[PDB]
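Enquirer:
There are 2 protein chains.
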Amino acid sequence: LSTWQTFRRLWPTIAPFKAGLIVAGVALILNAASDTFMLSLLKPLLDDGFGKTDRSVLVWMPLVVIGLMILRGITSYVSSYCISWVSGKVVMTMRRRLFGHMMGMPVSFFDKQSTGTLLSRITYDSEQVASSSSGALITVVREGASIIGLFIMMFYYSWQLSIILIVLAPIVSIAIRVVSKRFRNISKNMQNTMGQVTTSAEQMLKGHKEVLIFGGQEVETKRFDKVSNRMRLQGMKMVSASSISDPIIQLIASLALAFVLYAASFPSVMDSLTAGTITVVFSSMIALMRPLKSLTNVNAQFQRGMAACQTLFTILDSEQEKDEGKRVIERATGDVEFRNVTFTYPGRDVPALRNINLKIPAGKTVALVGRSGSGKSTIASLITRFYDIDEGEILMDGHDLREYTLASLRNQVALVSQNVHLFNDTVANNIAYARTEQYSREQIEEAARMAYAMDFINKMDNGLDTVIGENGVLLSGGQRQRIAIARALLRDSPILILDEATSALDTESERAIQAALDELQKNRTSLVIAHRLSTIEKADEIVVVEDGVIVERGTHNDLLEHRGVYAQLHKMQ
Amino acid sequence: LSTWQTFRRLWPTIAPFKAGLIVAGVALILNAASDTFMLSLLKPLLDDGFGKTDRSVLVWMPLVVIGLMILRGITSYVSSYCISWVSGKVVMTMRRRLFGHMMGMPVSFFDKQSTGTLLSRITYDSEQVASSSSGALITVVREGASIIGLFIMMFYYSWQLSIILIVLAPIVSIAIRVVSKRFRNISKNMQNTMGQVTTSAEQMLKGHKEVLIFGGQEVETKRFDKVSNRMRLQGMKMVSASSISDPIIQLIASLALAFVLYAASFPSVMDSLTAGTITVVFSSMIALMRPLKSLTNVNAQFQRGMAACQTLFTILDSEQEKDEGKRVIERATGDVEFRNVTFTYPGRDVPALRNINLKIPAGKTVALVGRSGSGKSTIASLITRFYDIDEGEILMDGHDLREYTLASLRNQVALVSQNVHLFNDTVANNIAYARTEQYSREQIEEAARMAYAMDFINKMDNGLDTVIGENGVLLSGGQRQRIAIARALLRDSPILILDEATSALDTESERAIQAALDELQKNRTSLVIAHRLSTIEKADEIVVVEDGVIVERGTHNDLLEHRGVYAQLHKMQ
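Heads up: the protein sequence lines correspond to chains A and B, in order. Under this note's numbering, the letters of the first sequence match residues 375 to 947, in that order. Under this note's numbering, the letters of the second sequence match residues 375 to 947, in that order.
(1) What is the residue span of the beta strand (DSSP E) that residue 788(B) lies within?
(2) Under 8 Å Cβ-Cβ, which residues of chain B neighbour residue 648(A)?
(3) In three-state DSSP terms, what is residue 904(A)?
(4) Can you name the residues that DSSP bridges to residue 869(B)?
(5) At the level of alpha carbons, what is the spacing between residue 518(A) and residue 455(A)?
(6) Interface residues of chain A around residue 595(B) at Cβ under 9 Å?
(7) Could you check where the beta strand (DSSP E) with residue 766(A) kicks off and where it finishes?
(8) DSSP state of residue 728(A), grouped into three classes?
(9) Can you list, in chain order, the residues of its chain whose CB lies under 6 Å from that of residue 380(A), leaving out five sequence neighbours each side?
(10) What span of residues does the beta strand (DSSP E) with residue 714(B) cover, start to end?
(11) Please compile the residues from chain A whose C-beta is within a distance smaller than 8 Å of the C-beta of residue 781(B).
(12) Touch check for the segment 592-604 of chain B and the segment 524-544 of chain B: three-plus C-beta pairs under 8 Å?
(13) Listed from N- to C-terminal order along the chain, which residues in the segment 525-536 of chain A have their beta-carbon within a distance smaller than 9 Å of any beta-carbon of chain B?
(14) Please list, in chain order, the chain A residues whose beta carbon lies closer than 8 Å to that of residue 617(B).
(15) Taking a contact to mean a Cβ-Cβ separation below 7 Å, would you say residue 788(A) touches residue 901(A) in this structure?
(16) What's the C-alpha gap between residue 907(B) and residue 805(B)?
(17) Exposed or buried, residue 665(A), counting other C-beta atoms within 10 Å across all chains shown (16 or more means buried)?
(18) Quick one: which chain B residues come within Cβ less than 9 Å of residue 665(A)?
(19) Can you tell me which of the three DSSP states residue 938(A) falls into?
(20) In terms of alpha-carbon separation, which member of 494(B), 443(B), 500(B) and 481(B) lies closest to residue 466(B)?
(21) Contact between the segment 825-836 of chain A and the segment 744-760 of chain A: three or more CB pairs below 8 Å?
(22) Should residue 720(A) be flagged as near chain B, meaning a C-beta pair shorter than 7 Å?
(23) How long is the line joining the alpha carbons of residue 409(B) and residue 554(B), rounded to whole angstroms?
(24) Taking the Cβ atom as the reference point for each residue, do residue 418(A) and residue 636(B) lie within a distance shorter than 7 Å?
(25) Between residue 613(A) and chain B, is there a C-beta pair that is closer than 7 Å?
(26) On a CA-only basis, which of 425(B), 395(B) and 479(B) is nearest residue 452(B)? Give me that one, please.
(27) Could you give the distance in angstroms between the alpha-carbon of residue 820(A) and the alpha-carbon of residue 581(B)?
(28) Please check the pair residue 631(A) and residue 439(B), which I expect to be a contact at CB under 8 Å, by giving their CB distance rounded to whole angstroms.
(29) Quick check: is the beta carbon of residue 584(B) nearer than 7 Å to any beta carbon in chain A?
(30) For the segment 898-919 of chain B, which residues have a CB atom closer than 9 Å to at least one CB atom of chain E, in sequence order?
(31) Going along chain A in order, which residues have a C-beta closer than 8 Å to the C-beta of residue 700(B)?
(32) With a threshold of 8 Å on Cβ separation, who are the neighbours of residue 895(A) within its own chain once the five nearest residues in sequence on each side are excluded?
(33) State the DSSP-derived secondary structure class of residue 795(A), mapped to helix, strand or coil.
(34) Based on DSSP bridge pairs, tell me the residues matched to residue 991(A).
(35) Threshold first: 4 residues or longer. Then list the alpha helix (DSSP H) segments lying entirely within the segment 629-682 of chain A, N to C.
(36) Cutting at 8 Å between CB atoms, please list the residues of its own chain near residue 889(A), excluding the five before and the five after it.
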């Protein structure tokens, strides 16, 4: 298939680390040579050892075996360690490349694909392709070296008998397959034609009522006697054939052995043939069987591994987020305009937001209220170009977003929400995340203090340097919300999107976040997804959007005088 | 467990056929002796054969191998054939005993149990227990003979090496097990303690939105760099442990071999040690491994087989139909009385037939009409004691049925129905089923003629001797109904139960069954499960039975004047 092409595009990654692979190959070749030399040892032991009284050739054999085995052990350890070094560095490079490309993909993917399968793709898939390729390579090298060593040994010791053995073996193999196939065919024939007598046993055993009513138990017994005798005869024939199967296989095998011995009997063969030579040749042939099987399976293993790696590679070069804007904006000080904005979620058919006209003023606050799933979060996701608009315009500082690079635009917008992601790091590196090289410690402490998030930090292990994480020290919901407000305050983001909490926290916690958010943070161009009424009444412009279409817009008093849907919603509040 | 008790319970079945078992045992013992002698052959070939120039010892070996092999083949054939003979006759006897008892089980059993599972019980279960016991016996005998032969050979050739080898081998086995267990414990520990680093890589992989908004791609890449390096190091630790695992096993194995050779080096054992002896001993030890494994598995195989046979035996000695009546009735000429008959189906809870007072007169006809499932077939099933009543009395010829044997009572009642069971036999043996030794061919032809079932038999292949069956020549519904009426007519049954057809047949067929049934068959004490209105209005006494109990009784005109449920039922007709 195309697996070899995948290996061609894969070798570049392994090319830097070829030294360990070469050492592993040398170690494997030496291991195979060690095993074939251990087999070589078998000749002198039976030839110049036990025979006669030559003691020397035998008082060294335990030491020779010990040395060969310790060489095998150390070379196996070196081979495995270095092959795993190459595999580990290949996995490291592949995972790093996959993740580097990963960050920067359309958000829709993490919506449709959960983190479980994606983490599996990062770890398990790369580990599997590495394990498969490493196993295939080590099997090929080791078994090939062992096989060529065994062949060279068999030919070197006595070729006059090595040729006969290697010629007869395929013949006997194919004869065995032919006989087994023929007799299994006979077995299948008998098995398919078995089903012609048991119907008689079934039929007689369904008429229990007619047998009893007419009183014919003896006749039924006679009939079952006959049918059982016939069944036993059929089983007789079945077993007779199935049993005469195997002794034919033993017949051909032992006949082959007899022919080998007879060929050795002629003086044409024994020009160089001692007992040790015969034992070495036969033992080598016997021990050569397993390497052939492993070498045959290596190809399927390699193909499967390279198929998985091809799937990973195809994933690697998928589409990325489009960055075709070139202008860079600093300190945006204008308005946000939604002009005939219609958007559909990629994958869904029904539009989630239709024909929106909206004006977010510079420095004023707008509360966008609606029900859950009404599209009141799609607008917030859209203002940062997480999803592209199908039609319309998003007008910020006099120009549209797709004319702007994502870095500057996303630096111009902050998201203060109850749910916040906390990286495994310190508070000082979390407040100024990705910008710790621009802000000093004093500014970080100042921002934490004006967020009213400073008090619970002085009660931590190291305070302004304690390690936080999603797999470590956990902060409360109010605490993480406060830390997010501190992060937003230090960066001084022109534009804000605020996801308000769905539930009230503790009285100390609520008052803190409330005071911080209102007097310190809320001084910029803001859009708030209001859930509580208190924020709604202190909003400069309130817009009610349902099913992706705005219903009414104005001020709270104006909307109440309008007696629209928001009037009913507030009445419930 | 209790398997051995079942085996003793089973031996009697095999006791008649012990000759074949003895022959099979002798053949198996001789087969094992043949194999161990084939191994014995390995010594002269390497000792007085290939070495030196002794031609004779080498030119006979192919013929010796051929003779041993043909002996093995013929003895395997004889052994398997005789063991199959014993198994086949045991299965035949067991099936016959099971079926003979089976015919006497309460009808409810074939209602609750289908014929498929019961046929499986008869065939597959007995075959499985026979195969298991035969395999266990042949394995035990063959492998035991082979093992004792190998042991006696190893001890006879050179005991100074046989004791050392058979002492060292268990030590090496337990050492291998201990080392493998320890290192697998280490592997499990490392595997469980891995799960502390991948959670981090999962953590940063969930906050895709916060990374993009704050612009922290480089920091995220650095974090994944560190975590990937740590992951690679931990995988390194695994690979080092699992790689150093195996060479320890090879170390201890090769050290054992070195110790064996060193023990052979001392003159303590070399009082008798040639190359042929060493090869024979080592090859025998190598080839002894498989018989031990088979002998260990034989016990589990035997236990499973005997458990299945115990299940079959438990089914064999279950309850049978109760026959505690002793009076015998010939030519019943009285009335059938149902007195307060309340009956429940065994297994169901709701009564199917409650508190009936019913009189079936001698020679008059009663039509029992009702809906499907109303209990109008339970009465017919009940009149033949297929199911015993819970309370009440069934009064026939002045006595209850339970005072009467089932044979006479069932000979006093015939069932003429559309659905009829046709046994695989001739027409003359089906018309006079179970009574062909009492009736002549002339009477059979007469009965067939008055049933108007003679015309379609003269057009058959052999007429009154054609083989019918449910797996052969099939008759039409009208034809089988006619043959059933002929059977009932020849026997001249005092009491009749007639299940009328639910659908009209062909015009020639309808007239044949009708005229026969009315003019010829309908002259006795009869109960008809009427479905057509024609039979209803020509009935002496008509009873309407609802699912719970009878409601009205009388004549057709009387019941119409009653304006009861039967009036409405006839109105639909």
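Each residue gets a CB set at the ideal place from its N, CA and C atoms; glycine is no exception.
Expert: Walking through what the data contain:
(1) 787-791
(2) For the C-beta of residue 648(A), the chain B residues within less than 8 Å are, from N- to C-terminus, 424 and 425.
(3) coil
(4) 787(B) and 899(B)
(5) 20 Å
(6) 470, 473, 474 and 477
(7) Per DSSP, residue 766(A) belongs to the beta strand (DSSP E) from 765-770.
(8) strand
(9) 680, 683 and 684
(10) 710-717
(11) 589
(12) No, they do not touch.
(13) Here the close residues number zero.
(14) 450, 451, 454, 455 and 458
(15) no
(16) 30 Å
(17) buried
(18) Under the 9 Å cutoff, chain B gives no residues; its nearest Cβ is about 17 Å from residue 665(A).
(19) Correct three-state label for residue 938(A): coil.
(20) 500(B)
(21) no
(22) no
(23) 34 Å
(24) When the beta-carbon positions are compared, residue 418(A) and residue 636(B) stay at least 7 Å from each other.
(25) yes
(26) Closest in alpha carbon position to residue 452(B), among 425(B), 395(B) and 479(B), is 395(B).
(27) Rounded to the nearest whole angstrom, the C-alpha separation of residue 820(A) and residue 581(B) is 26 Å.
(28) Indeed they touch by this definition, with Cβ atoms about 6 Å apart.
(29) yes
(30) Included in the structure are the protein chains A and B, with no chain E among them.
(31) Here the premise fails: no neighbours, minimum Cβ distance about 17 Å.
(32) 790, 825, 859, 862, 863 and 870
(33) Correct three-state label for residue 795(A): coil.
(34) This structure cannot settle anything about residue 991(A), because the visible part of chain A is limited to 375 through 947.
(35) Here the runs fully enclosed are 649-661.
(36) 826
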